[PDB]
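Asks: Here it is: the structure, laid out below.
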Amino acid sequence: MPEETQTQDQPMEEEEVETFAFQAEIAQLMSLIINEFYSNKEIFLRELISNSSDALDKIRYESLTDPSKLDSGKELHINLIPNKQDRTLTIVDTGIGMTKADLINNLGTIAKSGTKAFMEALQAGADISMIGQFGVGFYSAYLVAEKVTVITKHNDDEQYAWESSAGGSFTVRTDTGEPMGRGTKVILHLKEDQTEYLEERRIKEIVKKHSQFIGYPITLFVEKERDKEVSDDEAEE
């Protein structure tokens, strides 16, 4: 059953790229969260780690079809890699975070109606605390992220590199990086107001208590940017 596999790739680029602007109804959701004056809600760690757990449960489901073990040979897990020099936090997923059809469909961002009829239920019923559990608000990551960059490649399928955050537009274009077989690279840039929220010990202790509920392999690893040098310089371009 070959669902994918449709030619190597067409050498037709420069299609004016894909640029999407936050729609009026989306401007409401985006405003309602940022106009909170930023109360800091690190609870999102548990919300997001739940979805990534689903992504591993998804590949785990695919392992029922796989007669080798799980994916290929060794293993599959959630890896957290903080880069203090770049001020970036890179989470690499080796499962199935998202699919290409859902990617273009604007995962849980496609309101069309009027934001959501749940806005009314928000007046007397639910709160913003269920932001991610509704499966229609994973873009709320901008709450604590200045820049949200996602690069992903799927096995046999093409490569995708798209930008996200808040403030203007959303962009998606064909990728040609070719860094892995099939992984989701979630790297978001910390704001200068979060320079102290980069303590490894903080992360260690926080995930220690929350991961007690999640029964899946997680790894806090850090690769020291060596050999080369990554810093702020002005010479490129």
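A note on labels: chains of the structure tokens are A, B, ... as shown, every chain counts residues from 1, and ligands are counted from 1 in their shown order.
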Identify, on the basis of only C-alpha atoms, every residue whose closest approach to residue 141 of chain A does not exceed 10 Å; exclude the query and any residue fewer than 2 positions from it along the same chain; express the result as an MDAnalysis selection string.
Replies: chainID A and resid 44:45 48 132 137:139 143:148 164:166 188
Asks: Those residues you just picked out, can you put them in a file as a PDB file, in the first residue's frame with N, CA and C atoms?
Replies:
ATOM      1  N   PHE A  44       2.390  25.139  29.957  1.00  0.00           N
ATOM      2  CA  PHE A  44       2.334  24.713  28.567  1.00  0.00           C
ATOM      3  C   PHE A  44       3.288  23.543  28.312  1.00  0.00           C
ATOM      4  N   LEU A  45       4.306  23.400  29.171  1.00  0.00           N
ATOM      5  CA  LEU A  45       5.250  22.290  29.054  1.00  0.00           C
ATOM      6  C   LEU A  45       4.508  20.961  29.135  1.00  0.00           C
ATOM      7  N   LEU A  48       2.137  20.576  25.956  1.00  0.00           N
ATOM      8  CA  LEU A  48       2.878  20.244  24.750  1.00  0.00           C
ATOM      9  C   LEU A  48       3.512  18.851  24.840  1.00  0.00           C
ATOM     10  N   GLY A 132      -4.566  23.621  24.525  1.00  0.00           N
ATOM     11  CA  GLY A 132      -4.032  22.604  23.643  1.00  0.00           C
ATOM     12  C   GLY A 132      -4.856  21.338  23.618  1.00  0.00           C
ATOM     13  N   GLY A 137      -5.430  24.752  19.016  1.00  0.00           N
ATOM     14  CA  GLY A 137      -4.741  25.900  19.567  1.00  0.00           C
ATOM     15  C   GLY A 137      -3.301  25.602  19.962  1.00  0.00           C
ATOM     16  N   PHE A 138      -2.551  24.951  19.077  1.00  0.00           N
ATOM     17  CA  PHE A 138      -1.160  24.627  19.363  1.00  0.00           C
ATOM     18  C   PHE A 138      -0.253  25.770  18.937  1.00  0.00           C
ATOM     19  N   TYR A 139      -0.852  26.797  18.354  1.00  0.00           N
ATOM     20  CA  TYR A 139      -0.104  27.951  17.882  1.00  0.00           C
ATOM     21  C   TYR A 139       0.124  28.932  19.033  1.00  0.00           C
ATOM     22  N   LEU A 143       3.345  32.304  23.263  1.00  0.00           N
ATOM     23  CA  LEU A 143       3.181  32.815  24.620  1.00  0.00           C
ATOM     24  C   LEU A 143       4.553  33.033  25.257  1.00  0.00           C
ATOM     25  N   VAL A 144       5.475  32.126  24.982  1.00  0.00           N
ATOM     26  CA  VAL A 144       6.809  32.203  25.554  1.00  0.00           C
ATOM     27  C   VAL A 144       7.887  32.043  24.492  1.00  0.00           C
ATOM     28  N   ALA A 145       7.571  32.395  23.263  1.00  0.00           N
ATOM     29  CA  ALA A 145       8.526  32.244  22.180  1.00  0.00           C
ATOM     30  C   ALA A 145       8.550  33.467  21.284  1.00  0.00           C
ATOM     31  N   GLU A 146       9.744  33.997  21.051  1.00  0.00           N
ATOM     32  CA  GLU A 146       9.914  35.142  20.179  1.00  0.00           C
ATOM     33  C   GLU A 146       9.898  34.688  18.722  1.00  0.00           C
ATOM     34  N   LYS A 147      10.458  33.515  18.476  1.00  0.00           N
ATOM     35  CA  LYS A 147      10.482  32.947  17.136  1.00  0.00           C
ATOM     36  C   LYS A 147      10.261  31.443  17.206  1.00  0.00           C
ATOM     37  N   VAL A 148       9.384  30.928  16.354  1.00  0.00           N
ATOM     38  CA  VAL A 148       9.085  29.501  16.325  1.00  0.00           C
ATOM     39  C   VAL A 148       9.423  28.934  14.945  1.00  0.00           C
ATOM     40  N   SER A 164       6.834  30.360  11.955  1.00  0.00           N
ATOM     41  CA  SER A 164       5.661  30.586  12.763  1.00  0.00           C
ATOM     42  C   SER A 164       6.053  31.383  13.990  1.00  0.00           C
ATOM     43  N   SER A 165       5.084  32.053  14.586  1.00  0.00           N
ATOM     44  CA  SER A 165       5.287  32.824  15.808  1.00  0.00           C
ATOM     45  C   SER A 165       4.065  33.658  16.101  1.00  0.00           C
ATOM     46  N   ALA A 166       4.063  34.862  15.548  1.00  0.00           N
ATOM     47  CA  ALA A 166       2.991  35.852  15.751  1.00  0.00           C
ATOM     48  C   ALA A 166       3.444  37.221  15.283  1.00  0.00           C
ATOM     49  N   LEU A 188      12.589  26.897  19.041  1.00  0.00           N
ATOM     50  CA  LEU A 188      12.032  28.204  19.288  1.00  0.00           C
ATOM     51  C   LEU A 188      13.036  29.082  20.025  1.00  0.00           C
TER      52      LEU A 188
END
Asks: Among the residues of segment 165-227 of chain A, find those DSSP assigns to helix (DSSP H, G or I) from the backbone and print them as a list in words.
Replies: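 Answer for segment 165-227 of chain A, restricted to helix (DSSP H, G or I): residues 192, 193, 194, 200, 201, 202, 203, 204, 205, 206, 207, 208, 209 and 210 of chain A.
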Asks: How many Å separate atom CA of residue 230 of chain A from atom CA of residue 186 of chain A?
Replies: 19.1 Å
Asks: Could you name the residues that touch segment 38-42 of chain A at 10 Å or less, counting only C-alpha atoms, but leaving out those on the same chain fewer than 4 positions away, as a list in words?
Replies: residues 33, 34, 46, 47, 129, 143, 144 and 206 of chain A
Asks: Write the residues you've just listed into a file as a PDB file, in the first residue's frame, and include N, CA and C atoms for each of them.
Replies:
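File selection.pdb, as written:
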ATOM      1  N   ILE A  33      -4.790  36.314  24.056  1.00  0.00           N
ATOM      2  CA  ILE A  33      -3.731  35.646  24.804  1.00  0.00           C
ATOM      3  C   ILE A  33      -2.557  36.595  25.125  1.00  0.00           C
ATOM      4  N   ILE A  34      -2.229  37.493  24.199  1.00  0.00           N
ATOM      5  CA  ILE A  34      -1.077  38.376  24.383  1.00  0.00           C
ATOM      6  C   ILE A  34      -1.453  39.618  25.205  1.00  0.00           C
ATOM      7  N   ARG A  46       3.554  20.881  30.059  1.00  0.00           N
ATOM      8  CA  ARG A  46       2.783  19.664  30.258  1.00  0.00           C
ATOM      9  C   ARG A  46       1.797  19.455  29.114  1.00  0.00           C
ATOM     10  N   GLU A  47       1.237  20.547  28.625  1.00  0.00           N
ATOM     11  CA  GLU A  47       0.285  20.496  27.522  1.00  0.00           C
ATOM     12  C   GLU A  47       0.979  19.998  26.247  1.00  0.00           C
ATOM     13  N   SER A 129      -6.963  27.451  29.869  1.00  0.00           N
ATOM     14  CA  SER A 129      -6.118  26.383  30.381  1.00  0.00           C
ATOM     15  C   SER A 129      -6.261  25.105  29.533  1.00  0.00           C
ATOM     16  N   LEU A 143       3.345  32.304  23.263  1.00  0.00           N
ATOM     17  CA  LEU A 143       3.181  32.815  24.620  1.00  0.00           C
ATOM     18  C   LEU A 143       4.553  33.033  25.257  1.00  0.00           C
ATOM     19  N   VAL A 144       5.475  32.126  24.982  1.00  0.00           N
ATOM     20  CA  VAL A 144       6.809  32.203  25.554  1.00  0.00           C
ATOM     21  C   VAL A 144       7.887  32.043  24.492  1.00  0.00           C
ATOM     22  N   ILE A 206      11.778  20.535  36.834  1.00  0.00           N
ATOM     23  CA  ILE A 206      10.417  20.706  36.335  1.00  0.00           C
ATOM     24  C   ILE A 206       9.926  19.456  35.593  1.00  0.00           C
TER      25      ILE A 206
END
Asks: Hey, what's within 10 Å of segment 29-31 of chain A if we count only C-alpha atoms and toss same-chain stuff fewer than 2 positions away? As a count of residues only, please?
Replies: 20
Asks: Any idea what the distance is between atom CA of residue 32 of chain A and atom CA of residue 103 of chain A?
Replies: 24.5 Å
Asks: Here is a test: counting only C-alpha atoms, which residue of A:111, A:190, A:172, A:76 is nearest to residue 15 of chain A?
Replies: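 Closest to residue 15 of chain A, using only C-alpha atoms: A:172.
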Asks: Would you please work out which residue, of A:177, A:182, A:150, A:20, is nearest to residue 110 of chain A when using only C-alpha atoms?
Replies: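 The answer is A:20, which sits nearest to residue 110 of chain A.
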Asks: Could you give me, as a PyMOL selection string, the residues within 6 Å of segment 51-56 of chain A, counting only C-alpha atoms and dropping anything in the same chain fewer than 3 positions from it?
Replies: chain A and resi 48+59-60+95-97
Asks: Set the distance at 12 Å and use only C-alpha atoms: which residues neighbour residue 178 of chain A once local chain neighbours fewer than 5 positions away are removed? I'd like the list as a PyMOL selection string.
Replies: chain A and resi 151-161+183
Asks: Can you work out which one of A:108, A:114, A:217, A:11 has the shortest atom-to-atom distance to residue 131 of chain A, counting only C-alpha atoms?
Replies: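 Counting only C-alpha atoms, the residue closest to residue 131 of chain A is A:108.
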Asks: Could you jot down the atom CA of residue 219 of chain A to atom CA of residue 77 of chain A separation for me, Å, one decimal place?
Replies: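 Rounded to one decimal, the two atoms are 7.5 Å apart.
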Asks: Taking the backbone alone, and naming residues the way the document does, which bits of segment 3-176 of chain A are strand (DSSP E or B) by DSSP, as a PyMOL selection string?
Replies: chain A and resi 18-21+78-83+88-93+147-153+159-164+169-174
Asks: I need the chosen residues saved as a short mmCIF file (atom, residue, chain, number, x, y, z; two decimals), in the first residue's frame, with N, CA, C and O atoms.
Replies:
data_model
loop_
_atom_site.label_atom_id
_atom_site.label_comp_id
_atom_site.auth_asym_id
_atom_site.auth_seq_id
_atom_site.Cartn_x
_atom_site.Cartn_y
_atom_site.Cartn_z
N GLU A 18 4.55 30.59 0.05
CA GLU A 18 3.25 30.64 0.68
C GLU A 18 3.26 31.59 1.85
O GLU A 18 4.00 31.39 2.82
N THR A 19 2.45 32.63 1.76
CA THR A 19 2.35 33.63 2.80
C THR A 19 0.91 33.74 3.28
O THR A 19 0.00 34.04 2.50
N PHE A 20 0.69 33.48 4.56
CA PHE A 20 -0.63 33.55 5.15
C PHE A 20 -0.64 34.57 6.26
O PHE A 20 0.27 34.61 7.07
N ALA A 21 -1.65 35.39 6.29
CA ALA A 21 -1.76 36.43 7.29
C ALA A 21 -2.79 36.04 8.33
O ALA A 21 -3.77 35.36 8.00
N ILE A 78 11.82 11.18 22.90
CA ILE A 78 11.72 12.64 22.94
C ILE A 78 13.05 13.19 23.43
O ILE A 78 13.49 12.88 24.54
N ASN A 79 13.69 13.99 22.62
CA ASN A 79 15.00 14.54 22.98
C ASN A 79 14.95 16.06 23.11
O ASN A 79 14.49 16.76 22.21
N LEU A 80 15.42 16.56 24.25
CA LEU A 80 15.45 18.00 24.53
C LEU A 80 16.90 18.50 24.49
O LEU A 80 17.71 18.08 25.32
N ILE A 81 17.22 19.38 23.54
CA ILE A 81 18.58 19.92 23.43
C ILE A 81 18.58 21.45 23.49
O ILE A 81 18.12 22.13 22.56
N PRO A 82 19.06 22.02 24.61
CA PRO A 82 19.17 23.46 24.78
C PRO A 82 20.53 24.01 24.29
O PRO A 82 21.59 23.47 24.61
N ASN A 83 20.49 25.07 23.50
CA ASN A 83 21.69 25.73 23.03
C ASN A 83 21.74 27.13 23.61
O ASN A 83 21.05 28.03 23.15
N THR A 88 18.62 29.04 21.78
CA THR A 88 17.59 28.24 21.17
C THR A 88 17.35 26.95 21.94
O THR A 88 18.27 26.35 22.50
N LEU A 89 16.10 26.53 21.99
CA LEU A 89 15.71 25.28 22.61
C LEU A 89 15.19 24.35 21.52
O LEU A 89 14.14 24.61 20.93
N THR A 90 15.94 23.30 21.23
CA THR A 90 15.59 22.42 20.14
C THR A 90 15.07 21.07 20.62
O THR A 90 15.80 20.28 21.23
N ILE A 91 13.80 20.82 20.37
CA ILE A 91 13.18 19.54 20.66
C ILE A 91 13.09 18.73 19.37
O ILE A 91 12.45 19.16 18.41
N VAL A 92 13.74 17.57 19.33
CA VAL A 92 13.68 16.74 18.15
C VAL A 92 12.85 15.47 18.39
O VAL A 92 13.13 14.67 19.29
N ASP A 93 11.81 15.34 17.58
CA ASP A 93 10.88 14.23 17.63
C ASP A 93 11.21 13.26 16.51
O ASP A 93 11.46 13.68 15.38
N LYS A 147 10.46 33.51 18.48
CA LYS A 147 10.48 32.95 17.14
C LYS A 147 10.26 31.44 17.21
O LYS A 147 10.87 30.77 18.03
N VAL A 148 9.38 30.93 16.35
CA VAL A 148 9.08 29.50 16.33
C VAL A 148 9.42 28.93 14.95
O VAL A 148 8.68 29.12 13.99
N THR A 149 10.54 28.24 14.85
CA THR A 149 10.98 27.72 13.58
C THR A 149 10.88 26.19 13.57
O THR A 149 11.42 25.51 14.45
N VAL A 150 10.18 25.65 12.58
CA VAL A 150 9.99 24.22 12.49
C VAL A 150 10.50 23.67 11.15
O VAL A 150 10.05 24.06 10.07
N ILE A 151 11.47 22.79 11.23
CA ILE A 151 12.01 22.14 10.05
C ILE A 151 11.74 20.65 10.16
O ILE A 151 12.05 20.04 11.19
N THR A 152 11.16 20.06 9.14
CA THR A 152 10.81 18.66 9.21
C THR A 152 10.91 17.96 7.86
O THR A 152 10.62 18.55 6.82
N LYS A 153 11.34 16.72 7.89
CA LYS A 153 11.41 15.91 6.71
C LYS A 153 10.76 14.58 7.01
O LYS A 153 10.91 14.04 8.10
N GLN A 159 10.72 17.48 1.82
CA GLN A 159 11.19 18.21 2.99
C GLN A 159 10.42 19.52 3.16
O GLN A 159 10.09 20.19 2.18
N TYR A 160 10.14 19.89 4.42
CA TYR A 160 9.35 21.08 4.71
C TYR A 160 10.03 21.97 5.75
O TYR A 160 10.46 21.49 6.81
N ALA A 161 10.11 23.25 5.46
CA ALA A 161 10.63 24.24 6.40
C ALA A 161 9.68 25.43 6.45
O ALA A 161 9.54 26.16 5.46
N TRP A 162 8.99 25.60 7.57
CA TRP A 162 8.03 26.68 7.69
C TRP A 162 8.25 27.51 8.96
O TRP A 162 8.74 27.01 9.98
N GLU A 163 7.92 28.80 8.87
CA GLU A 163 8.11 29.74 9.97
C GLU A 163 6.77 30.00 10.67
O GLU A 163 5.71 29.91 10.05
N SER A 164 6.83 30.36 11.96
CA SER A 164 5.66 30.59 12.76
C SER A 164 6.05 31.38 13.99
O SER A 164 7.23 31.40 14.37
N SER A 169 2.73 37.16 9.68
CA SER A 169 2.34 36.13 8.76
C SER A 169 2.94 34.77 9.08
O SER A 169 3.79 34.62 9.97
N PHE A 170 2.48 33.79 8.34
CA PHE A 170 2.94 32.42 8.41
C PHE A 170 3.50 32.05 7.04
O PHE A 170 2.90 32.39 6.01
N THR A 171 4.64 31.38 7.01
CA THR A 171 5.29 31.04 5.75
C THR A 171 5.62 29.55 5.66
O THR A 171 6.02 28.94 6.65
N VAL A 172 5.44 28.99 4.47
CA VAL A 172 5.81 27.60 4.21
C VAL A 172 6.44 27.49 2.82
O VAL A 172 5.93 28.06 1.85
N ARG A 173 7.56 26.79 2.73
CA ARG A 173 8.26 26.62 1.47
C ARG A 173 8.90 25.24 1.40
O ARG A 173 9.04 24.56 2.43
N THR A 174 9.29 24.83 0.20
CA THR A 174 9.94 23.55 0.00
C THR A 174 11.35 23.59 0.60
O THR A 174 12.11 24.53 0.37
#
